[PDB]
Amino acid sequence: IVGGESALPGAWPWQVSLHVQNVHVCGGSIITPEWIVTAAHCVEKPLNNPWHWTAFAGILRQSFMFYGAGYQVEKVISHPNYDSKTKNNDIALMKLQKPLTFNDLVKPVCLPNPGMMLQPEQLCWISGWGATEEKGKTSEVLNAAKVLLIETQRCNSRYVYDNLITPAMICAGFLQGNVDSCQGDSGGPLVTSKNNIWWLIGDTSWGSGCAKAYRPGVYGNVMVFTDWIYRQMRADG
């Protein structure tokens, strides 16, 4: 998160840090006690197997995420139409071996329903442990920032992403830059409040550099994938 501020305790209780080899790699979003939504690009070979993955929930600071205290991931499921070249359909699921215990610091986000009728420039939040500047290191503390949805037409224009923004993608940020996601934040949440509920609108996916003008963040459009997610969750058993 470039241009945000330290998250408060329990502000973003669905945010998890996903670790490989005892370090933060990725963000994710809790949707059930056992199911976590992330990006497909995070679990590309050679990180497709569940054994490499642990999840920390409910902890703001990396230095309080202790070896052996995380949740072992048991299943990794990438979207069948994930295309690594274009980053299209960049959503994956992780299932935990043991369910999480919900409390004040650890709670799920709502999957989006069709008919959300979001504003074209809906006010959203992003959170995570990504760099706080382009090419920086993992942030010790979880950060969050307000961003607006950027309209697809505008995002696909010649001076922004030029026809790279598909229907399974949504853009967010500011075209002046300064506030954005960055590396480490990927797989993490883009959320918005509506009707007094926080909804998962997107999963941090891709874009060019961090916090540069005309180079916003691109998110997987979780609304287009909810039915796949429901099928995945139903099939498990």
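Rigid core: the largest C-alpha set superposing within 1.5 Å between the two forms. Numbering starts at 1 and runs along the sequence shown.
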item	value
Higher C-alpha RMS shift from the shown form in 7 other deposited structures of this protein - 68 to 76 or 102 to 110, rigid core fit	68 to 76
Which of 196 to 204 and 59 to 67 lies farther from this form in 7 other deposited structures of this protein, as RMS of C-alpha positions after a rigid core fit	59 to 67
67 to 75 versus 136 to 144 - greater average Cα B-factor per the deposited record	67 to 75
125 to 133 versus 98 to 106 - which carries the larger mean C-alpha B factor in the record	98 to 106
Chain thirds of CA B-factor: placement of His52	middle
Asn22 CA temperature factor, ranked by third within the chain	highest
Third of chain Cα B-factors occupied by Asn113	highest
Third of the chain, ranked by Cα B-factor, where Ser29 sits	lowest
Third assignment of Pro46 from its chain's C-alpha B-factors	highest
